[PDB]
Amino acid sequence: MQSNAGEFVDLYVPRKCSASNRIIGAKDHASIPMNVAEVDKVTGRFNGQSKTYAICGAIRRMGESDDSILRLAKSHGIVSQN
Amino acid sequence: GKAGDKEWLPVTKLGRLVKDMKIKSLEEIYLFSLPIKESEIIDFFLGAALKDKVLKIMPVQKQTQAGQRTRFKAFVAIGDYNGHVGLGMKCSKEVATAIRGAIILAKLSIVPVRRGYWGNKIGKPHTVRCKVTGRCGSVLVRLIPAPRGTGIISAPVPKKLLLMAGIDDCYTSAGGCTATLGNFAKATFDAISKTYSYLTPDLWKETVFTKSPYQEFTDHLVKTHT
Amino acid sequence: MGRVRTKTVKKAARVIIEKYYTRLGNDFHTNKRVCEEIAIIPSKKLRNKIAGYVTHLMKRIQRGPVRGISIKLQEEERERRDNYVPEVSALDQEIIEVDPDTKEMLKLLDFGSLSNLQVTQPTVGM
Amino acid sequence: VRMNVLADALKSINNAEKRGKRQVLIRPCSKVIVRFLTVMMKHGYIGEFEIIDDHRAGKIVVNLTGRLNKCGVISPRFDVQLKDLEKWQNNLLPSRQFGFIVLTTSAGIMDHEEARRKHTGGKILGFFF
Amino acid sequence: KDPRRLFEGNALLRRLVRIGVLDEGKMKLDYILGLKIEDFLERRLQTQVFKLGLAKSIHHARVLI
Amino acid sequence: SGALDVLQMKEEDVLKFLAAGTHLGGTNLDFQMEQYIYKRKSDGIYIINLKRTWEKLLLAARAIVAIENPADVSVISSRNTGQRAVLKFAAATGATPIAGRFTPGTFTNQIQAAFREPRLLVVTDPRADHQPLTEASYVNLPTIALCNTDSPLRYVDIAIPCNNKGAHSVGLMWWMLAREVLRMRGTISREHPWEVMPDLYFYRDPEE
RNA sequence: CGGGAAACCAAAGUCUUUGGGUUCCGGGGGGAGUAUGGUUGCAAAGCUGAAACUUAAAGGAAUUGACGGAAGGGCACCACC
């Protein structure tokens, strides 16, 4: 949303679904993401450091949010042979 | 002014962050898509310097045992002039309450508007990024971007809503029973709100995004009560 | 019947009992005195009607926990009861008896286990 | 039966993206479908696609992101006169700025921007944004 | 660059500027689009004969003229 | 694997699971659950993928850690088989509770006396606990859930396939979650075994 | 999902983001399927089908009472027993 002199105008840049790459817009409160903890490898020891995904109202109402998370979590770990 | 400010106290964590000066703009709420249940939140973050215009009064009624009943319905719109607006309809026993509640309802509903450039983007957005339409029970309003000086070409009621929204120039076409005002304003309200939903190519790329002020402020938003 | 206690009364009874159980009693005569000490009630007939219904409750509570009333002592009693656990029941006794496939469930799960086979017959819907 | 084949491919796509789908199998495909899928691709509105070869007419798999609000087809394929292109994009595009009208000209199936630059014109195929 | 746009655009601008109605950055078409009535109204006699003392009223001005 | 090793399967657990008869799965699959399914037993019944049941449970556990204030993860059950179960989970991990008649207007509706703003809901039957699952979707709160093969997938992100027909399957899975979360961001340390007997989770019930 | 004014509708969906093929009928309500000419019919009638004039609502859907010689309901010696 540039303006004349490369300036950034209007007022915000919305987050985009983690499954459908579609704008979460802005009053659709039937939607939320999901912070997964990073682990200090080895195992346990929750260390931050979120691995995070945002899922749209749409996907969730269509009886996905879950799987989407899995394509999301495995593709970037953890989660394997799902 | 001096009348003795109330004592808002918040039900909601979102509210605590706002009063604490932890949340400062609605954008945070909008990006997070936090629901807003306490009207004061809207009041503190914006609304200050936001003006509410009452659109309509028309009465209705329904039948009692021993005959009749009748009551007042008020249609209220709220918005600064830039980028924020809300719409609220209420029916109540008394005009004042109907208006007073309507305003509250309008504020809760406040919505983002994405305002854009008819084409050559100099000196900040005059119109709308794309063309967005909204329908409410057979009335449908279509907003179209227009060149500068075009202004809001809409019916008076719609012009008023679009005005508060902060749109400078826009073309409109309306189909359906335009007469039923509650419907027409509602559709236009849906239309404007749809601008944020449009994905343009500018938007195509993504983002660490945010952690949510709810999470960072979490302690802050569990005070010392219960 | 004709005497159905109204909420203003019934509420007070639930009320007192919640904050008064170990104080209150089995007997009308005494709670009635107690309502003077632990509550401010405007007419004597009301206070009587209250004492009376709350006693009907105490009589009932002291014979089985009653649908919506909680007191510190009753919580403690349930707490202690809610401990029980024997020799224990599964065992299940030497050797699990499987339905097979459930046998093939372990067999193809990389898992040793105790055994027994009796799993055959199909198998109608409804 | 079938009059056109493009219109089916486009619709199939649109319903895929509307569902929340990330792939589609269109059938049966054609040189024109490829060319249109291709113009879309150059611009970002779809990912990569693949023509599978049944011994028949073809089947395409399109992998789609989600930048696509709509890809429509215009029927019939009206003739356009260089200053009817200006009239078309306004009729059916979101802002002057973006979205493409894609037509077929003597010098190739192209988006109207490429049309304006070449300085040729022709008959209108469809659009997207 | 379109001979029609160039030849007539520049002319509209130059005409709009001779009368002071319009200014240079304006003085392109992108700016006339973002213009208004006062800008014309400001150039009539009447308001000038005020604007340099020689009337002291938009009033006086019109009866003077 | 992933996070790197020890965290994998452990026969010890695959033993508790098979014992508790989790994997047994519903005769009616349901479409969104098809992935969980390992194989269909003869005489109709499906074998859930314990390996899959396992890993997701861990994925669940991890999402429960990362919530900073442990209290505001709500473990929920109106089902009896899961009532002591969740009460126990809430005792160990921070985790506030919601058993029995969920009470409508608990997430929407400030005014109410069971008003809660969780940052994570964990539900045990998405069909029995449909109210909480719906209310949660009125206010942007993620959901872990107990799902057998034929449970509603609407508004639930993250499933852990179970059996939820019942027994100890509901007991063990809540147990293992609390066991897992205490390990992560907690302080069990040494994704080594339990001083707590898993029976402690598990339904009570009646009396003669 | 989405549609529709709703009742409803997996088609009445993919319709203002309005464009897959083709065919038919309607443009407030009455006058009227009437007059009149043509046509078909043994006949009874059928098809095509106006106007003058008349009139500001005709109509649809949902909502709620009122009311029922509709169904289950009750309550009272201003009801019966």
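Following Swiss-Prot, chain E residues are numbered 66-130, in order.
The way this entry was determined, per its header, is X-ray crystallography, 7.8 Å.
Cβ coordinates are placed from backbone N, Cα and C, and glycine is handled just like the others.
Taken from Swiss-Prot, the feature SUMO2 cross-link applies to E:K93, supported by similarity to another entry. Swiss-Prot lists E:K66, E:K116 with the feature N6-acetyllysine.
Projection of Swiss-Prot feature records onto the structure.
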residue: E:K66; record: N6-acetyllysine; CB count, 10 Å: 4
residue: E:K93; record: SUMO2 cross-link; CB count, 10 Å: 14
residue: E:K116; record: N6-acetyllysine; CB count, 10 Å: 13
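The two recorded residues, E:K93 (SUMO2 cross-link) and E:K66 (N6-acetyllysine), have Cα atoms 13 Å apart.
Between the C-alpha atoms of E:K116 (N6-acetyllysine) and E:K66 (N6-acetyllysine), the distance comes to 40 Å. Under the three-state DSSP scheme, E:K116 (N6-acetyllysine) falls in the helix class.
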